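Everything below concerns the one structure shown next.
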Amino acid sequence: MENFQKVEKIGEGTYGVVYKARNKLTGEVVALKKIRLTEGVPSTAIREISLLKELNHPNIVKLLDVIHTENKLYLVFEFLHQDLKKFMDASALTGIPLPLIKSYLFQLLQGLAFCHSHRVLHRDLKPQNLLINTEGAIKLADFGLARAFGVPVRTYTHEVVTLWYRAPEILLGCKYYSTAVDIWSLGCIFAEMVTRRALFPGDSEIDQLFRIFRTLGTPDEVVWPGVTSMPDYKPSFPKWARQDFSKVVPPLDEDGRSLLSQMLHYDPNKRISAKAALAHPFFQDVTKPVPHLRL
Amino acid sequence: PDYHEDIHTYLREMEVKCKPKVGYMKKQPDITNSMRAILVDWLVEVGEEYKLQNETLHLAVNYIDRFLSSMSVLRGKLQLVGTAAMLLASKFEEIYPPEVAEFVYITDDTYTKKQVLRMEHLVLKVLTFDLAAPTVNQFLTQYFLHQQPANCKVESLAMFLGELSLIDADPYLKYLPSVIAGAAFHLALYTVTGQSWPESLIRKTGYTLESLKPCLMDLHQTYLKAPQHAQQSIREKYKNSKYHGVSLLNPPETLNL
Ligand SMILES: COc1cc(Nc2ncc3c(C)nc(-c4ccccc4)n3n2)cc(OC)c1OC
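Sequence lines, in order, name chains A and B. When you line the first sequence up against the entry's author numbering, it's residues 1 to 37, 41 to 298, in that order. In the entry's author numbering, each residue carries its 1-based index in the second sequence increased by 175.
If you want it as structure tokens, here you go:
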């Protein structure tokens, strides 16, 4: 641990405070994740290390080392330049070019596809969990709420995902999580890149739900079999009509809208998988454009 | 839906690596298979006491067997190993894991809180944070997606059998988790519905009914002798109405393979 000189703080997140740091000996620039150490090693950290050690992929941030000492636990990570959320904010006026959106989504979908076919659920995909570099790459990060689904994963009664990017199944109280929840998140982010505004920005749990209903139409038995039997469904739910996608995501072409509705499909059983999404007509001309990063 | 066939291939590869040394107990000078049985049985009680998932119990054993594969442990400290493994397994698997104070408690205050946490630290070191281990239970739930159609008595029996394999290191270390699961699933499917290891699963796993025989012969033995076995926590567990009282079902006298 005496090898690394701490350079600066770069934000807190789930497990704990994160620093940019340099390897005094190799020169390699890393991201240090510090943990103070008394209920033992934190559940989130045990899960993050354990699962990331397995997930070696270009679009998943690499866990480079784990330093185990007396009173402190450090997780060494590869370093990226900023989060997608901050890049979106810098783009606000100009906008993210459609080719770069396509490139980012393609890459994220590869990362997610890798995660899923290795029985790992991310469960917390949001623009501040996705990391980019100057070379046009994007990678999944913060696996503190990640879970192995060799056996199906039971849902928390008090849910700890972001509200805005939460799938409707979770909000309606279904027993198990699903790969489909991660697809939903990317869908919401995909639309947000396109529109410069968040797709469903809810105040509360019920506000979030209704916002999903106002845009995509209130689900019923024809659309999503078993909807009304779910624990948190209420008969007195307002019945909205589905809205024309060309008024939801205007700058997207037919393919873009085609993929997006499949990513936001109501039934988690019939929602497009990451694997399938990669083969969608939308990515037929995908390239790897370079972003313009500020500061 | 789509990731399933990839997950089987990946889990199949991962059980070869996360496998303990077969005859590790003979290299353990102070402990024997007997004492391990007692510990594992105790962990089942611990599991039922705190209503922890069966997967947690499975992991805990995997950790114990791996830790004991490379660390010499005197008998008086075996439980401290077992208690740390459980705590770690709970942390990996349970949504809200039991507090450390709780684990310290159920040891009849044999060890202090400090002792358990320093052990947890050491178990992590020895296993090198590789906790995402593939279990018999993991394979069973994946296999269940091949019933035509699903039967909870079939499931509950397979689970019971697979759980029983955790107690006896002899002979069950000879078999990969996926093989035990194959045996358990066939035996349950045969006792309950009368059916056999399905064609679709032969193609998926590669295991012919023939190949599962050496494992089936052993498992069937444990099932038949289960009422007389020295460790009873599991049979008690599974005579519950939740698990359809399957531990009370009579095993078939011959598997006729
Ligand atoms: C998140 O915003 C910036 C990220 C990074 N780089 C970076 N690289 C790797 C990394 C990992 C494994 N985990 C985190 C993280 C940190 C805090 C909150 C959430 C996640 N990061 N961050 C660098 C910045 O300054 C250079 C940023 O501020 C713009």
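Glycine included, each C-beta is placed from N, C-alpha and C at the ideal position.
Counting only beta-carbon atoms, is residue i nearer than 8 Å to chain B?
i                     : result
A/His119              : yes
A/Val44               : yes
residue 38 of chain A : This model leaves out residue 38 of chain A; its place in chain A lies between 37 and 41, and no residues are given there.
A/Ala279              : yes
A/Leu124              : no
A/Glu57               : yes
A/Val30               : no
A/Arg36               : no
A/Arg217              : no
A/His268              : no
A/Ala151              : yes
A/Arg169              : no
A/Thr198              : no
A/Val69               : yes
A/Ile52               : yes
A/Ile49               : yes
Step through the CB atoms of chain A and report whether any lies within less than 8 Å of the CB of residue i.
i                      : result
residue 433 of chain B : No answer is possible for residue 433 of chain B: it lies beyond the span of chain B, which begins at 176 and ends at 432.
B/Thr285               : no
B/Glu274               : yes
B/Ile213               : no
B/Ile270               : yes
B/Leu227               : no
B/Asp240               : no
B/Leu299               : yes
B/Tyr413               : no
Buried or exposed: where does residue i fall if 16 or more other Cβ atoms within 10 Å of its Cβ makes it buried?
i                      : result
A/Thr182               : buried
A/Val197               : buried
residue 489 of chain B : Chain B is shown only over 176 to 432; residue 489 of chain B falls outside these bounds and no answer can be derived.
A/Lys9                 : exposed
B/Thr316               : buried
A/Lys105               : buried
A/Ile209               : exposed
B/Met392               : exposed
A/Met266               : buried
A/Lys142               : buried
A/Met1                 : exposed
A/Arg36                : exposed
A/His161               : exposed
B/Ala358               : buried
A/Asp145               : buried
Taking only the alpha-carbon atoms, compute the straight-line gap between residue i and residue j and give it to the nearest angstrom.
i        : j        : result
A/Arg297 : A/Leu112 : 25 Å
A/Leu124 : A/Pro171 : 17 Å
A/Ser46  : B/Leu262 : 10 Å
B/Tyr418 : B/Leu339 : 14 Å
A/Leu263 : A/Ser232 : 27 Å
A/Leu128 : A/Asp185 : 7 Å
B/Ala401 : B/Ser422 : 9 Å
B/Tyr318 : A/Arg126 : 25 Å
A/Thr290 : A/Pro102 : 7 Å
A/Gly114 : A/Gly11  : 23 Å
A/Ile192 : A/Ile275 : 15 Å
B/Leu348 : B/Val215 : 14 Å
B/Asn415 : B/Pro273 : 23 Å
B/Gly222 : B/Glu385 : 35 Å
A/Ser249 : A/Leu255 : 8 Å
B/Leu232 : A/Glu195 : 43 Å
B/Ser244 : B/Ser209 : 16 Å
A/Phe4   : B/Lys196 : 37 Å
B/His183 : B/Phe314 : 8 Å
B/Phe304 : B/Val275 : 19 Å
B/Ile409 : B/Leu399 : 14 Å
A/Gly13  : A/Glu57  : 22 Å
B/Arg241 : B/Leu299 : 11 Å
B/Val279 : B/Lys288 : 6 Å
A/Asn132 : A/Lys88  : 8 Å
Are there any heavy atoms of ligand 3 lying less than 7 Å away from the beta-carbon of residue i, as far as the coordinates show?
i       : result
A/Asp68 : Looking at this structure, you won't find ligand 3 anywhere; what it does contain is ligand 1.
Review point. For the region 232-305 of chain B, which segments carrying the beta strand (DSSP E) assignment without a break, of at least 3 residues, lie completely within its bounds, in sequence order?
Key: none
Point to revise | Continuous alpha helix (DSSP H) assignments of at least 4 residues falling wholly in the region 136-216 of chain A | key: 171-174 and 183-198
Check your understanding: In chain order, which alpha helix (DSSP H) runs of at least 4 residues are fully inside the region 321-406 of chain B?
Key -> 327-339, 344-347, 352-367, 374-380 and 388-400
Exercise for review: Please list the segments of the alpha helix (DSSP H) lying wholly inside the region 243-291 of chain A, counting only runs of 4 or more residues, in order along the chain.
Suggested key: 248-251, 257-266 and 277-281
Point to revise | Whole alpha helix (DSSP H) elements within the region 68-121 of chain A, 4-residue minimum | key: 87-94 and 101-119
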